[PDB]
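The next block holds one structure in the form of structure tokens; read it before the comments.
In what follows, every heavy atom counts, from backbone to side chain, and hydrogens, waters and symmetry copies are set aside. Every chain is numbered from 1 and lettered A, B, ... according to where its sequence line falls, protein lines coming before strand lines.
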Amino acid sequence: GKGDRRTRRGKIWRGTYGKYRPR
Amino acid sequence: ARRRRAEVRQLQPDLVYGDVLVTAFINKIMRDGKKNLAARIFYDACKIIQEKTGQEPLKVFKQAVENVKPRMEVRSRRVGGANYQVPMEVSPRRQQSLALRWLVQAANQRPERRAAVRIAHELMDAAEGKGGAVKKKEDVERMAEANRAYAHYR
Amino acid sequence: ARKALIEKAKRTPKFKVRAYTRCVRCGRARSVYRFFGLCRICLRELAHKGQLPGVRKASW
Amino acid sequence: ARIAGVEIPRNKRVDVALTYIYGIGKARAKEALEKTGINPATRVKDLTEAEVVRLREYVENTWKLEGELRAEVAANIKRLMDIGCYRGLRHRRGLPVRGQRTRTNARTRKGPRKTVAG
Amino acid sequence: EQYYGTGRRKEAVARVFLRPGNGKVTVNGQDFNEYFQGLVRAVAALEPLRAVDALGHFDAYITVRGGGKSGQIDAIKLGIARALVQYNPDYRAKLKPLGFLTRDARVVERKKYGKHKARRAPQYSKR
Amino acid sequence: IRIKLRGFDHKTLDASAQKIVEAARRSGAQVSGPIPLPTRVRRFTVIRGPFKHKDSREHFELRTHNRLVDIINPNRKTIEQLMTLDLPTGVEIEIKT
Amino acid sequence: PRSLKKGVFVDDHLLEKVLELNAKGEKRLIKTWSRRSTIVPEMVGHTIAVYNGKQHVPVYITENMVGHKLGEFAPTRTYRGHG
RNA sequence: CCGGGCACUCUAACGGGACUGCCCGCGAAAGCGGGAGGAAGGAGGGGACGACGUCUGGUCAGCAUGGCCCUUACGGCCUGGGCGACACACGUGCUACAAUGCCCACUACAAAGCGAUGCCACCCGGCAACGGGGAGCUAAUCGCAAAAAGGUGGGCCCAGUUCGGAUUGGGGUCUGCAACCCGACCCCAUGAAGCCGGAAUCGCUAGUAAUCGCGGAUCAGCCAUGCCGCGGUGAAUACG
Ligand SMILES: [Mg+2]
Ligand SMILES: [Mg+2]
Ligand SMILES: [Mg+2]
Ligand SMILES: [Mg+2]
Ligand SMILES: [Mg+2]
Ligand SMILES: [Mg+2]
Ligand SMILES: [Mg+2]
Ligand SMILES: [Mg+2]
Ligand SMILES: [Mg+2]
Ligand SMILES: [Mg+2]
Ligand SMILES: [Mg+2]
Ligand SMILES: [Mg+2]
Ligand SMILES: [Mg+2]
Ligand SMILES: [Mg+2]
Ligand SMILES: [Mg+2]
Ligand SMILES: [Mg+2]
Ligand SMILES: [Mg+2]
Ligand SMILES: [Mg+2]
Ligand SMILES: [Mg+2]
Ligand SMILES: [Mg+2]
Ligand SMILES: [Mg+2]
Ligand SMILES: [Mg+2]
Ligand SMILES: [Mg+2]
Ligand SMILES: [Mg+2]
Ligand SMILES: [Zn+2]
């Protein structure tokens with residue numbers, strides 16, 4: 001869900017980028 | 001409301017059959033504003049209805065709603081030191097509302113993995129004589145019949 | 001500890017992170033707006049007196 | 001004892017089954033499949049013995065796993081506890097170590113509620 | 001040659017041009033079934049073209065911007081109805097009783113201080 | 001040559017823009033009309049009371065209105081005449097090219 | 001933590017103390033307030049009195065406590081228990 | 001992108017438009033019911049706006065101010081700590097307990113805002129946070145900026161699971177003189193409770209509830225899941 005930093009949804013919720021939510 | 005009577009909302013007839021009953025059923029299926037998903041669930045159910053019991057899906061749907069509709073219902077009311085289930089009639093608008101709500105709830109109680117098959121199976125179950133919704137309607141009408149002594153307490 | 005705090009905030013600190021904003025009117029350290037340099041209370045007071053140019057009550 | 005002394009479940013894909021090993025996550029369950037030439041889409045029950053032996057050898061040679069990893073973690077916690085570190089002190093009392101609040105919450109560490117007379 | 005309509009709905013604005021043609025309809029340079037792909041209500045925009053029998057007699061060029069796909073669909077419907085009533089005054093009948101030529105002024109309500117939303121109030125508890 | 005004029009109050013800004021447009025036609029240079037740019041609105045929200053009453057708020061806004069004027073031809077006779085005009089103090093101007 | 005492009009931080013007033021000790025009779029009792037200062041391998045063997053905000057706690061440095069900070073070895077809150 | 005045009009959308013100033021204004025009925029009248037026309041119909045929808053007074057209501061810690069009290073200290077400076085404690089109790093929230101779902105790839109559609117010790121395009125290096133070059137923009141010009149739910153395709157197949165993401169170990173980035181007490185973020189590993197919640201209790205009548213994302217103030221950085229706003233999708237019911 002939104003509480004997991006290792007997913008697209010979780011990175012979107014935290015407003016950050018990384019391997020799972022690239023820019 | 002205290003002042004006046006609530007004005008009923010006129011739904012828009014659905015863009016496949018021009019039937020407002022279909023629109024109301026979709027609105028009962030929908031949650032969280034996901035209207036497209038609800039419409040697709042209903043149309044997949046219609047396709048499955050087309051496969052098994054190959055009559056008109058609209059006919060099966062209307063027959064299910066007619067079978068689930070209740071004519072009597074009990075309302076609670078405290079008089080003196082006791083609460084009474086007063087049996088009362090149901091207006092046709094509330095008949096439709098109850099039928100749709102019960103159909104959707106009973107369909108969601110079924111254990112089938114996908115929702116589109118749950119709705120279709122419940123619809124063709126209520127079409128003939130069976131289903132959870134028909135059982136609920138029978139329970140409600142039996143409760144209203146078993147309280148005919150208090151019909152004066154309304 | 002009010003006057004000394006105001007003057008100390010008006011002074012240059014050894015480190016750049018020790019500088020903080022205060023209200024130029026009443027000396028408040030909380031809720032100080034950068035655009036005006038004033039705290040919310042002083043901002044409301046001055047805006048109600050027409051002494052803030054272009055500033056008006058908002059309603060939409 | 002199939003891989004690293006553990007039995008990865010059948011009827012599941014190899015990448016999903018690999019994560020059942022202590023020390024192996026989804027990222028490593030993809031790395032161990034992109035370095036042994038084995039399709040992640042296949043089930044564990046359908047694997048050539050060469051694939052199984054090569055995967056086992058590569059996994060047990062690449063990453064510290066299972067009991068050895070547990071020993072490493074426990075040794076690190078003992079090192080923190082012995083030297084009198086602040087994290088060691090909070091490890092002694094079973095309290096949150098990463099600076100969380102303890103007036104409320106902190107139930108994963110402290111366990112069930114122990115209501116007293118107020 | 002052309003016939004123009006303007007349709008506004010819920011932050012969405014649609015410009016509709018009608019020409020004589022086989023019936024080809026194009027929204028923002030793409031196709032109708034491609035722009036509103038997988039949207040069941042997308043046929044509703046061409047309701048005014050069905051009450052008046054010129055469903056396959058008008059080529060329509062539509063540019064939409066703002067709002068969302070459903071708001072754009074209703075903006076398209078309003079613009080098409082306005083263009084059709086501009087084609088001749090006699091098209092007002094069969095469109096007015098169905099309300100195809102009235103603006104729907106239902107906008108999102110502004111958030112107010114003290115509420116989580118426009119009307120959703122914080123959870124209350126005495127004591 | 002492009003003249004951008006901004007102001008807090010729209011009435012005096014509009015009067016200045018109309019004055020510029022009217023005066024620019026004394027020696028006509030194909031004057032381009034005063035066009036309005038999107039008003040920029042800054043909002044501030046404050047607690048009404050000095051202490052503890054969070055649920056009561058007051059909204060204030062400060063708006064910047066912007067207008068643009070263009071002259072196609074230079075019109076030096078009309079350009080040097082634009083040096084000493086009637087400019088309200090609330091209107092801030094900027095000439096450029 | 002601190003970035004490795006930057007060096008490990010020492011206040012340079014306690015580093016001078018241990019460095020001056022290392023060539024001038026290298027064992028004594030130093031009192032310091034730099035709880036943020038990182039322990040260095042040169043500091044091993046010294047007993048440093050680190051402020052906890054109320055008192056100087058003597059800490060004897062060893063090898064397995066080199067990368068930490070001094071403040072982690074002077075607890076600042078006294079708890080015991082409830083009751 | 002250009003020439004060109006202001007048709008259209010839009011931008012922002014000025015105006016019109018809706019007033020029971022008309023027709024039928026009811027009634028002394030005020031008015032009530034129905035209809036036509038109109039974008040809009042009976043206060044069109046939402047704000048700003050809070051009477052005489054009440055509560056010995058709140059604020060001497062925003063400010064101001066009567067009296068009382070301190071005057072090498074109840075004043076002032078610095079370092080470090082505390083406001084972040086923790087057998088427990090309560091309020092307000094966030095994330096879930098799954099298939100009307102979760103994950104992965106591609107592909108659409110907004111509004112209102114902010115930006116010169118600033119916003120940062122693009123290119124290069126690292127899985128990444130980010131770093132190194134380096135345009136454009138004092139900004140309807142350039143940037144933040146990716147909208148997300150959605151649509152298409154595939155994977156998972158009823159499990160404490162490809163549900164859920166707490167806790168902990170390790171490796172790092174950035175801000176800051178300085179992240180131990182006590183920051184945020186990235187990556188690897190760990191993968192807790194939780195199977196829809198007792199007595200009870202809360203919000204909401206329509207573009208509302210529900211659900212999805214976006215911006216701003218404070219601000220070096222941020223413990224924001226808060227607050228103030230913005231738009232997308234969009235119900236059910238009101239007998240009484
Ligand atoms: Mg009411
Ligand atoms: Mg003091
Ligand atoms: Mg600061
Ligand atoms: Mg400040
Ligand atoms: Mg594992
Ligand atoms: Mg909203
Ligand atoms: Mg014009
Ligand atoms: Mg009192
Ligand atoms: Mg008090
Ligand atoms: Mg005072
Ligand atoms: Mg006083
Ligand atoms: Mg506090
Ligand atoms: Mg704490
Ligand atoms: Mg509360
Ligand atoms: Mg709660
Ligand atoms: Mg949360
Ligand atoms: Mg899992
Ligand atoms: Mg998960
Ligand atoms: Mg810290
Ligand atoms: Mg359990
Ligand atoms: Mg389960
Ligand atoms: Mg309660
Ligand atoms: Mg109401
Ligand atoms: Mg919260
Ligand atoms: Zn002030």
Side-chain angles (χ1 to χ4, degrees), chain A residues 1-4 7 12 16-19 23, chain B residues 1 6 27-38 41 91 94 97 113 115, chain C residues 4 15 17 23 26 28 31 33 39 41-42 57 59-60, chain D residues 16 23 25 27-28 69 73 76-77 86 96-97 99 101-103 107-109 113-116 118, chain E residues 4 6 10-11 13 15 37-39 65-70 72 102-103 105-111 113 118-124, chain F residues 10 14 36-39 43-45 50-52 57, chain G residues 1-4 9 33 35-36 51-54 68-69 71-72 76-77 79 81-83:
Chain A
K2 291 183 231 207
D4 204 10
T7 36
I12 288 177
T16 68
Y17 302 93
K19 190 230 298 303
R23 59 223 280 190
Chain B
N27 290 160
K28 289 333 285 302
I29 271 180
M30 180 212 322
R31 33 174 184 258
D32 290 349
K34 274 118 154 43
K35 167 100 80 173
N36 214 6
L37 166 74
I41 278 178
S91 48
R94 195 172 153 76
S97 283
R113 298 264 179 106
Chain C
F15 322 111
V17 277
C23 175
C26 75
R28 222 175 183 267
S31 310
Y33 282 95
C39 78
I41 310 176
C42 292
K57 253 164 85 63
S59 97
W60 70 105
Chain D
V16 190
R28 276 179 185 177
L69 205 56
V73 172
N76 275 331
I77 286 156
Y86 172 87
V97 174
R101 90 183 288 141
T102 64
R103 188 178 193 165
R107 283 290 130 199
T108 298
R109 299 288 284 160
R113 257 166 267 261
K114 281 154 83 273
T115 89
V116 296
Chain E
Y4 177 69
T6 278
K10 202 179 176 195
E11 230 56 64
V13 173
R15 303 151 84 245
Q37 227 295 297
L39 292 181
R65 36 162 37 110
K69 317 280 279 232
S70 195
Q72 283 164 168
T102 169
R103 172 82 145 76
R106 288 187 280 141
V107 294
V108 307
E109 180 160 334
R110 68 156 289 214
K111 198 210 159 302
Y113 63 84
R119 306 199 182 181
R120 222 280 194 212
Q123 189 155 110
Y124 170 81
Chain F
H10 83 80
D14 275 336
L37 298 181
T39 317
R43 279 224 323 259
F44 327 82
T45 302
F51 174 82
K52 95 172 168 134
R57 318 276 197 108
Chain G
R2 192 168 188 86
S3 63
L4 301 162
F9 175 84
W33 288 255
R35 316 173 32 105
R36 81 220 198 160
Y51 211 48
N52 65 10
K54 210 228 310 219
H68 297 103
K69 312 257 181 317
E72 338 182 343
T76 30
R77 288 182 204 100
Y79 167 48
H82 286 119

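Between D/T102 and the phosphate of H/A85, there is a side-chain N or O to OP1/OP2 separation shorter than 4.0 Å. Dashed line: the shortest gap from a side-chain N or O of G/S3 to OP1 or OP2 of H/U173 is not under 4.0 Å. Note on E/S70: a side-chain N or O is less than 4.0 Å away from OP1 or OP2 of H/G234. The phosphate of H/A111 has neither OP1 nor OP2 within less than 4.0 Å of any side-chain N or O from E/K10. Look at E/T6 and you'll find a side-chain N or O under 4.0 angstrom from OP1 or OP2 of H/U9. Checking the phosphate oxygens (OP1, OP2) of H/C109, no side-chain nitrogen or oxygen of E/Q72 falls inside 4.0 Å. Listed pair E/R106 / H/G234 fails the phosphate criterion, with no side-chain N or O lying under 4.0 Å from OP1 or OP2. Within the structure, every side-chain polar atom (N or O) of E/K69 is placed at least 4.0 Å from both OP1 and OP2 of H/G232. An OP1 or OP2 oxygen of H/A238 is reached within less than 4.0 angstrom by no side-chain nitrogen or oxygen of B/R94. Look at E/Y113 and you'll find a side-chain N or O under 4.0 angstrom from OP1 or OP2 of H/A48. Phosphate proximity of H/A40 to E/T102: present, with a side-chain N or O under 4.0 Å from OP1 or OP2.
Rounded to whole Å, the P atom of H/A105 lies 15 Å from the corresponding atom of H/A129. The separation of H/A110 from H/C228, taken at their P atoms, amounts to 29 Å, rounded to a whole angstrom. A gap of 14 Å separates the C1' atoms of H/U107 and H/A148, to the nearest Å. The separation of H/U208 from H/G164, taken at their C1' atoms, amounts to 32 Å, rounded to a whole angstrom.
When rounded to the nearest whole Å, the span between NZ of B/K35 and P of H/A235 equals 4 Å. To the nearest angstrom, P of H/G45 lies 11 Å from CZ of E/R119. The distance from atom NZ of E/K111 to atom P of H/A209 is 11 Å, rounded to the nearest whole Å. Between D/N76 atom CG and H/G169 atom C1' there is a gap of 6 Å when expressed in whole angstrom units. Look at CZ on F/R57: it is 5 Å from P on H/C228, rounded to the nearest Å. For the pair A/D4 CG and H/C187 P, the interatomic distance rounds to 10 Å; values are reported in whole Å.
For H/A105, the paired base is H/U152 (Watson-Crick or G-U wobble, both distances below 3.5 Å). Pairing partner, H/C230: H/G213, with both Watson-Crick or wobble hydrogen-bond distances short of 3.5 Å. Both distances falling under 3.5 Å, in either a Watson-Crick or a G-U wobble arrangement, occur for no nucleotide opposite H/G207. The partner of H/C69 cannot be assigned: no Watson-Crick or G-U wobble pair with both contacts below 3.5 Å exists in any strand. Pairing partner, H/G183: H/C174, with both Watson-Crick or wobble hydrogen-bond distances short of 3.5 Å. Across every strand in view, H/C196 sits unpaired, with no contact that passes the Watson-Crick or G-U test at under 3.5 angstrom. Across every strand in view, H/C55 sits unpaired, with no contact that passes the Watson-Crick or G-U test at under 3.5 angstrom.
Here H/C19 does not sit opposite H/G45 as a base pair, Watson-Crick or G-U wobble, with both distances under 3.5 Å. The bases H/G84 and H/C52 are not paired as Watson-Crick or G-U wobble with both atom distances under 3.5 Å. Between H/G216 and H/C227 there is a base pair of the Watson-Crick or G-U wobble kind, both of its two distances falling under 3.5 Å.
At H/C26 the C1'-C2'-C3'-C4' dihedral is positive, so the sugar adopts a north, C3'-endo-type conformation. Sugar conformation at H/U225 is south: the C1'-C2'-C3'-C4' dihedral has a negative sign, consistent with the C2'-endo side. A negative value of the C1'-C2'-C3'-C4' torsion places the sugar of H/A224 in the southern pucker family. A negative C1'-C2'-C3'-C4' dihedral is found for the sugar of H/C182, placing it in the south range.
A glycosidic torsion no more than 90° from 0 defines the syn conformation, and H/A28 adopts it.
In this pair, G/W33 does not lay its aromatic ring on the base of H/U79; centres under 5.5 Å and planes under 30 degrees do not both hold.
Within the 3.5 Å criterion, the main-chain N or O of B/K34 finds no donor-acceptor partner in the side chain of B/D32.
With a 5.5 Å centre cut-off and a 30° plane cut-off, the bases of H/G126 and H/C127 come out unstacked. Stacking fails between H/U65 and H/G66 under the rule that six-membered ring centres lie under 5.5 Å apart and planes differ by under 30°.
If you check every strand for non-hydrogen atoms under 4.0 Å, G/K54 touches nothing.
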